[PDB]
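Chemist: This is the structure I have questions about; it appears just below.
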Amino acid sequence: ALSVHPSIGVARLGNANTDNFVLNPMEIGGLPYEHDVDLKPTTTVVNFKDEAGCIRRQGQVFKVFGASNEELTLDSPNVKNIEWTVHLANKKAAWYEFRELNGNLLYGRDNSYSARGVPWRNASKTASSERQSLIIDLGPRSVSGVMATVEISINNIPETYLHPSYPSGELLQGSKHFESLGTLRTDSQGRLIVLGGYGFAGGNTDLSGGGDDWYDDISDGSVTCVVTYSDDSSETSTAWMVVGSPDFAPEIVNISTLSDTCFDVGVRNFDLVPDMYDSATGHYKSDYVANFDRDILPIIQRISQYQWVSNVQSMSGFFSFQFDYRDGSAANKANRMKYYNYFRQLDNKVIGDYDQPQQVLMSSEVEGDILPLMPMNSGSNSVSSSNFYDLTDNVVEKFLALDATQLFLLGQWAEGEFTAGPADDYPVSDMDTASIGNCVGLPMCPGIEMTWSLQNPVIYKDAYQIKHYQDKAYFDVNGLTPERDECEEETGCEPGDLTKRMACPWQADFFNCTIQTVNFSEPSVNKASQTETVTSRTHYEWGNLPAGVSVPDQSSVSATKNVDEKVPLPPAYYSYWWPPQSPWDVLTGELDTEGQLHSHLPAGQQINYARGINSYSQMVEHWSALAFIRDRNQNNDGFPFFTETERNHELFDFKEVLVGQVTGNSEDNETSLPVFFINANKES
Amino acid sequence: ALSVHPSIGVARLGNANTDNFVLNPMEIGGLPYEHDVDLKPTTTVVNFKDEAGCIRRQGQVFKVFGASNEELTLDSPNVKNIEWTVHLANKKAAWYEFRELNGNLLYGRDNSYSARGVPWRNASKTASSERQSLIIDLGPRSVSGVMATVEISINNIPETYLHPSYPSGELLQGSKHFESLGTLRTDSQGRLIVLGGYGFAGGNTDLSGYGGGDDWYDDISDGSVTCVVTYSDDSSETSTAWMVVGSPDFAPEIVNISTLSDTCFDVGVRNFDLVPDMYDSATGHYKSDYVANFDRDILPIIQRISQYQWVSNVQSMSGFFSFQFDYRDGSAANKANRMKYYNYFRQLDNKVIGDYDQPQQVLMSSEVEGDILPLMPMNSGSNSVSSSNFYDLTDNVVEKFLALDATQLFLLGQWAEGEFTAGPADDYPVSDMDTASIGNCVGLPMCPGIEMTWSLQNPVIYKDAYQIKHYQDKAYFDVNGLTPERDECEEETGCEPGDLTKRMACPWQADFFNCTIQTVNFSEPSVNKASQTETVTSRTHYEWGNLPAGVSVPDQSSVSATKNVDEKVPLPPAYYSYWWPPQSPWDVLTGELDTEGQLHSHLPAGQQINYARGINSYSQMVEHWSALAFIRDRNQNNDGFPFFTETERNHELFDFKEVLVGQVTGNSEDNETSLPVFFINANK
């Protein structure tokens, strides 16, 4: 049997020239790679953007291996060809509107999209064929041989692909002309490289209601590899491919990655690690001995990086080594247990059950005993209350937890059931962790690359392996199924299934993936209506009048009533979304005069990552102008210094507003407010 | 034969209690009247608004007279009954979009709505029956007897009227629920009083939205009046008139230089042989031996010009009422003076398509220093808005600057020639009651106007001078309803209800909001607006100095540009020109003389300020028109010594902020000066 790795590939959008790209990271938290003319990885990336300030695509290399785990290439004996067929699609315009956890079958059938009344995107299209044409699907492309290149283009749709679809003609807002979902290549030895979209995002309504008939060039889908041997026999093996938006901080790793997601699903559903979990009973095994370096240390290291992209100082006690994390002894147990007991336990997946650990913000509210519980971040629903969407039992999950496997292992550590030193690897290839370990695992509201369908074991045929629904001959004739939920049918995924739930266009997830102000007093409430009534009596009196003279006072009463229908219920806590993937609080990086003049800031100052992108619509147009957060001291392990690099400072205008301009008091002009923005006009 | 007067009645909208109204002015520039319980006029209006600040409707009294010109009432011997039937309708939503002079057949058949491709309003309705339903038509109502009252309500449509229509249900924006076009009453002796609408303006699209404005309605109307007088012997005679409803007259003592009575009179002279001594119908020329009269013909013009200063800044017109020479001296010695006066008046443009270089495109007497004066009257003409090349046309009709009507100008010319008398002259053969209604409406310019537009200049809608020709009869409309696409000016067979007001803005509050000033180009006769592209190319250079000995750093410089493009703005050089100062004031004097009104208005008395201050958008005018002041003579008891100020403004609606200039400029030294800013909060 052959195997293809990675099992789930990851590419990232880029708007630079089609031929100007980097290759995939080779580890979790790894930089992507420059390459040579043979398309073999060389050194890590020099610049993420080209000279014009356009983002380079990141491509995924896939490799195929024989029965003894030896790599097969066009140079291997007895191999005469290797043909890769990749079928990517974007089903987002054909899917349901995103409503947090509604639609997620892990909470039971009563939380199905139908049971919850979730509406379809582009809801005026109700016939099946009209829904199918909302999908961006240009059919499968194939590549083989030495240094091949084929676009997944609207201009080379195979004649055997009977039902292609895409947004045709000139779009009225955003990107005008859709043309491509990406590019397939082979390297000098026949390996596959998949490159995804270009960052296209356009549509025919004003984003400003608005938002119908919009599209992006995110996609995902199947990978098929046929290796033909000298005698014309062959073997076939498969994988999946996902395209994400750019990784703007690739060295910073999510506390729970999508690799952690796949692993946890694997352990609890596919017997991936029999020693850790008893599939017969549905419980972890309390005699499982964790390993510090493999299981615990990465959590601590991930936590320690968030400071470069967010203000989460309350997490500092978890990477301080204020005591010895490697000491398994009974004398150190109360310390390890205290550390562990500050992590939020997982909520059950029961509808209507609100008083649960992920609705708890703090360890206590007694002064002296107050600490935000860990990890400190939004959960998968801090946005809608129990009573939204005409429901009374909408699922809430306000604050973050680790995944169940991470937390189990952390608890073994706390118990003293762990070792120090090397452990052997789990039975998961490194190539499989290196792709999706660079994608967000939690929270998922919806997420960045993928959302909570990936937590559902029914989409997998085994740990880390996406189950495929049907095959090329089926789709050739029928096209893709717009209304089919792979989580409901359980018989596999189609192209477009892994990304369809995400925002359409993705630049909305990016614009919103910042912070959330999250209520922490009422477990069933995220937002409430708020009425602010201000009643004012103005009284006038006149004086400094002559001794003869008196004038009557005057007074009147005025009131204002401001109603906001859905605001976070106080008291609330400032909570991050995805700092590694959508930075917020970052250090300025220009160390030379020219970059300081154009950015208007000195180096080393913490400022807002998205400053100047003042609207959703501006994010849709100008995403590519943002910085990549990177370690400026990368050559010296252990002494990181992450700053913005490669921001297109020339895009932004700037005004320094004196505080007395706002207040009317000129004494306040000793203080000023920097304001970044994009001049509407503006020309080069 | 009977006659009904006025031939064209005028009522004004009001949102006060249905029972709380004033009666019509009795002369041009006359205040409306309070009335007694018998609905007879008593003395002129005390307050235009009720105690809540709601505007009182103005109703029109109609009287019927016998062959002897004796008034007939229920008290007349031989009169058994007087029965009035009034049919008002609003066809605005069913008519064409207003595009200045497009559609006006006085410019020839090539200027027809169809030749000019003017779109219908609510253009997605194309079937005749669907166009018909856009009309607000509740059928006719009748009234007779002593002190009768009948509403023109959606709840009392006669069963014989088969095709009523109106906007039913709850409107999404503005006024919610349409119910009535007005009220018919009789007085104690059986005279008719017509009261019009309540100021309703609502619709189902967002006015502030792009392309918004479809499916909007107001409660303006107009239509036919029929009077049947039944005598003791049960015989009867019938006679007819017309009725128009306009928006409030916010400065009723201030008269338009050319009123709608002037329009009807001009039409009558030129087309209906109204004054055979003035005009030769056989040759189509005025008679040069006609002797004008100063008091009747000339003086009113001078008096009207002298009032505009209360509502606009038109000081250049001051020489035309200065009596710097004796206007009543008809002698040769004063002729050069008279002629100089006359020669500062614009001659009328011919109405020939494509002929731009004409007198109404000329602003000044010359542009030679010492010889510069704006020609008269100094106001916008009937198209200072759209150029020759708009609306997909190449010869769109332009008329930039105002002229008198042809008859006023002829008479002024006779005065200049010395062909005029001083002293009384006998009236023209037009009833004073017919002048008193429409003499209080705008005659020129019409773009579109206030109460009515340029179809009133078309002789084909009249059956004689001042008399509207009626199309069909009551029975026809009972069965067929109104004809939505029918142009009375095209068919020449008379008017239907709704015809006199349908061309005006829908809602009228758009005409009121726009009826302010125009910045009018005066260099290119074919151009009103142009695109304007402003490109600003800026080199920023930095140098550093005061450095220690031996230290230098390089200069830095870079270049940036902005390109603003405004698509349709006035082409410079342009002139600040008024629209309708008497009917839509712009520069007016504050009027609050006690402390409370000053605190609420935020202004001392006697200061000239903007009339609409605080109504910062079109949508706010639609909602809050009734908050605006009435401009009136505070010194009305003293003939010759006028003092017009605002009165009755609903100051409490508006909020106020004083902005220091250094808030804008960033320079605190500028805070010695401030800018008043009025606005409407809404959360009030």
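Residues in the structure tokens are named by chain (A, B, ... in the order shown) and by number from 1 within that chain; ligands are numbered from 1 in the order shown.
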Contacts between chain B and chain A, please, where a residue of chain A counts if it comes within 7 Å (with only C-alpha atoms); show its shortest atom pair and distance in Å to one decimal, rows by chain and ascending number, as CSV.

Modeler:
residue,atom,partner,partner_atom,distance
A:559,CA,B:684,CA,5.9
A:560,CA,B:684,CA,4.5
A:561,CA,B:683,CA,5.1
A:562,CA,B:683,CA,5.8
A:658,CA,B:666,CA,6.8
A:660,CA,B:663,CA,6.9
A:661,CA,B:663,CA,4.1
A:662,CA,B:663,CA,6.9
A:664,CA,B:663,CA,6.5
A:666,CA,B:668,CA,5.9
A:681,CA,B:562,CA,5.6
A:682,CA,B:562,CA,4.0
A:683,CA,B:562,CA,5.3
A:684,CA,B:561,CA,6.6

Chemist: Among range 530-584 of chain B, which residues does DSSP mark as strand (DSSP E or B) when it is run on the backbone? Keep the chain and numbering as in the structure and answer as a ChimeraX atom specification.

Modeler: /B:530-542,556-570,574-578

Chemist: As a ChimeraX atom specification, which residues of range 278-366 of chain B does DSSP assign to alpha helix (DSSP H)?

Modeler: /B:299-307,335-343

Chemist: Looking at A:132, A:530, A:453, A:160, which one is nearest to residue 502 in chain A, with distances taken over only C-alpha atoms?

Modeler: A:453

Chemist: What's the 9 Å shell around residue 616 in chain B, counting only C-alpha atoms, without same-chain residues fewer than 6 positions away, as a ChimeraX atom specification?

Modeler: /B:678-680

Chemist: Please list as number ranges by chain every residue within 12 Å of residue 2 in chain A, counting only C-alpha atoms and excluding residues in the same chain fewer than 3 positions away.

Modeler: A: 5, 63-72, 82, 224-228, 234-239

Chemist: Env of range 397-410 of chain A: 8 Å cut, atoms = only C-alpha atoms, seq-sep filter 4 positions within chain, self excluded. Answer as an MDAnalysis selection string.

Modeler: chainID A and resid 255:256 260:261 263:264 267 284 290 295:296 340 343:347 358:361 374:383 414 442:443 518 526

Chemist: Okay, now the selection with N, CA, C and O atoms, as a compact mmCIF listing (two decimals), in the first residue's frame?

Modeler:
# COMPACT_ATOMS: atom_id res chain seq x y z
N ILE A 255 -1.56 27.43 20.96
CA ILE A 255 -1.61 26.54 22.08
C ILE A 255 -2.24 25.19 21.74
O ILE A 255 -1.66 24.14 22.07
N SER A 256 -3.39 25.22 21.08
CA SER A 256 -3.98 24.00 20.49
C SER A 256 -4.04 24.21 18.97
O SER A 256 -4.74 25.09 18.44
N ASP A 260 -3.00 19.05 17.03
CA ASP A 260 -3.54 18.63 18.33
C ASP A 260 -5.01 18.16 18.13
O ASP A 260 -5.39 17.15 18.71
N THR A 261 -5.78 18.85 17.30
CA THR A 261 -7.17 18.46 17.07
C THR A 261 -7.23 17.04 16.49
O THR A 261 -7.96 16.14 17.00
N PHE A 263 -4.94 14.68 16.51
CA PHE A 263 -4.41 13.76 17.47
C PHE A 263 -5.48 13.39 18.51
O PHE A 263 -5.72 12.23 18.78
N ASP A 264 -6.14 14.40 19.07
CA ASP A 264 -7.17 14.17 20.10
C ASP A 264 -8.32 13.32 19.55
O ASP A 264 -8.75 12.37 20.20
N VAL A 267 -7.02 9.75 19.24
CA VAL A 267 -6.85 9.04 20.51
C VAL A 267 -8.23 8.58 20.99
O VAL A 267 -8.40 7.44 21.41
N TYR A 284 -9.81 7.79 29.37
CA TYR A 284 -8.37 7.76 29.41
C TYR A 284 -7.88 6.76 30.46
O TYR A 284 -8.60 6.44 31.40
N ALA A 290 3.05 10.27 30.98
CA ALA A 290 3.31 11.27 29.96
C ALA A 290 4.80 11.49 29.88
O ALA A 290 5.59 11.02 30.73
N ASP A 295 5.04 16.08 25.65
CA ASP A 295 3.63 16.34 25.92
C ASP A 295 3.37 17.66 26.62
O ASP A 295 2.30 18.27 26.47
N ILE A 296 4.30 18.12 27.42
CA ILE A 296 4.01 19.23 28.30
C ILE A 296 4.74 20.49 27.87
O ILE A 296 4.13 21.58 27.71
N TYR A 340 -1.91 22.90 37.25
CA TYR A 340 -2.93 22.21 36.52
C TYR A 340 -4.36 22.67 36.86
O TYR A 340 -5.20 22.79 35.98
N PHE A 343 -6.07 25.40 34.93
CA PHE A 343 -6.61 25.15 33.58
C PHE A 343 -8.07 24.85 33.65
O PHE A 343 -8.52 24.14 34.55
N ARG A 344 -8.84 25.45 32.73
CA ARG A 344 -10.27 25.12 32.62
C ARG A 344 -10.46 23.69 32.14
O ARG A 344 -9.84 23.23 31.15
N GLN A 345 -11.29 22.97 32.90
CA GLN A 345 -11.79 21.69 32.44
C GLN A 345 -12.68 21.95 31.22
O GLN A 345 -13.16 23.09 31.02
N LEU A 346 -12.90 20.91 30.41
CA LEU A 346 -13.77 21.02 29.24
C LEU A 346 -15.24 20.98 29.58
O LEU A 346 -15.62 20.17 30.42
N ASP A 347 -16.05 21.81 28.92
CA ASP A 347 -17.49 21.68 29.05
C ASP A 347 -17.93 20.35 28.42
O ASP A 347 -17.32 19.85 27.48
N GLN A 358 -16.13 26.30 31.22
CA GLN A 358 -15.69 27.29 30.20
C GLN A 358 -16.46 28.59 30.26
O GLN A 358 -16.12 29.51 29.53
N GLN A 359 -17.47 28.69 31.15
CA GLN A 359 -18.14 29.95 31.45
C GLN A 359 -17.56 30.67 32.63
O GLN A 359 -18.04 31.75 32.98
N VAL A 360 -16.53 30.08 33.27
CA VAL A 360 -15.86 30.66 34.39
C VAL A 360 -14.58 31.36 33.92
O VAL A 360 -13.69 30.77 33.32
N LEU A 361 -14.48 32.63 34.25
CA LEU A 361 -13.30 33.40 33.87
C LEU A 361 -12.17 33.17 34.85
O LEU A 361 -11.09 32.81 34.44
N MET A 374 -6.85 29.12 32.54
CA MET A 374 -5.96 28.88 31.45
C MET A 374 -6.52 27.90 30.42
O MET A 374 -7.22 26.94 30.79
N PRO A 375 -6.14 28.08 29.16
CA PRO A 375 -5.42 29.23 28.63
C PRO A 375 -6.41 30.43 28.63
O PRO A 375 -7.63 30.22 28.48
N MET A 376 -5.89 31.62 28.82
CA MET A 376 -6.74 32.82 28.83
C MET A 376 -6.96 33.39 27.42
O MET A 376 -6.07 34.06 26.84
N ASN A 377 -8.17 33.16 26.90
CA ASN A 377 -8.54 33.39 25.50
C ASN A 377 -10.03 33.10 25.42
O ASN A 377 -10.64 32.43 26.31
N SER A 378 -10.65 33.66 24.39
CA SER A 378 -12.03 33.29 24.07
C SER A 378 -12.16 31.82 23.78
O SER A 378 -11.22 31.16 23.27
N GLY A 379 -13.34 31.30 24.12
CA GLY A 379 -13.76 30.01 23.67
C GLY A 379 -14.52 30.08 22.36
O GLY A 379 -14.47 31.10 21.67
N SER A 380 -15.13 28.96 21.98
CA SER A 380 -15.74 28.81 20.68
C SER A 380 -17.13 29.47 20.57
O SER A 380 -17.70 29.45 19.51
N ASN A 381 -17.70 29.97 21.67
CA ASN A 381 -18.78 30.92 21.56
C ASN A 381 -18.93 31.90 22.68
O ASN A 381 -19.69 31.69 23.65
N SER A 382 -18.24 33.02 22.52
CA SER A 382 -18.33 34.17 23.38
C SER A 382 -19.20 35.29 22.74
O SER A 382 -19.17 36.40 23.22
N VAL A 383 -19.85 34.98 21.64
CA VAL A 383 -20.50 35.94 20.76
C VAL A 383 -22.01 35.97 20.92
O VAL A 383 -22.63 37.06 21.03
N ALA A 414 0.65 16.60 36.38
CA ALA A 414 0.33 17.12 37.70
C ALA A 414 0.40 15.99 38.77
O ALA A 414 0.94 16.18 39.90
N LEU A 442 -7.97 25.61 18.28
CA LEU A 442 -9.01 26.15 19.14
C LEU A 442 -8.66 27.60 19.45
O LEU A 442 -7.47 27.94 19.45
N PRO A 443 -9.67 28.47 19.64
CA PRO A 443 -11.07 28.24 19.48
C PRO A 443 -11.43 28.19 18.01
O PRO A 443 -10.59 28.41 17.16
N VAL A 518 -16.00 39.80 26.78
CA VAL A 518 -16.79 38.61 27.18
C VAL A 518 -17.34 38.75 28.61
O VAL A 518 -16.60 38.94 29.60
N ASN A 526 -24.04 36.03 26.55
CA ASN A 526 -22.88 36.76 25.97
C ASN A 526 -23.21 38.24 25.71
O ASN A 526 -22.39 39.09 25.98

Chemist: So that each row is one residue of range 539-599 of chain A with an atom at most 12 Å from range 637-648 of chain A, can you give its shortest atom pair and the distance in Å to one decimal, using only C-alpha atoms, rows by chain and rising number, as JSON lines?

Modeler:
{"residue": "A:580", "atom": "CA", "partner": "A:642", "partner_atom": "CA", "distance": 11.9}
{"residue": "A:583", "atom": "CA", "partner": "A:644", "partner_atom": "CA", "distance": 10.1}
{"residue": "A:584", "atom": "CA", "partner": "A:644", "partner_atom": "CA", "distance": 11.1}
{"residue": "A:585", "atom": "CA", "partner": "A:643", "partner_atom": "CA", "distance": 10.3}
{"residue": "A:586", "atom": "CA", "partner": "A:643", "partner_atom": "CA", "distance": 6.5}
{"residue": "A:587", "atom": "CA", "partner": "A:643", "partner_atom": "CA", "distance": 4.8}
{"residue": "A:588", "atom": "CA", "partner": "A:644", "partner_atom": "CA", "distance": 5.5}
{"residue": "A:589", "atom": "CA", "partner": "A:643", "partner_atom": "CA", "distance": 5.0}
{"residue": "A:590", "atom": "CA", "partner": "A:645", "partner_atom": "CA", "distance": 7.5}
{"residue": "A:591", "atom": "CA", "partner": "A:645", "partner_atom": "CA", "distance": 10.3}
{"residue": "A:595", "atom": "CA", "partner": "A:647", "partner_atom": "CA", "distance": 9.6}
{"residue": "A:596", "atom": "CA", "partner": "A:647", "partner_atom": "CA", "distance": 11.6}
{"residue": "A:598", "atom": "CA", "partner": "A:648", "partner_atom": "CA", "distance": 9.2}
{"residue": "A:599", "atom": "CA", "partner": "A:647", "partner_atom": "CA", "distance": 8.6}
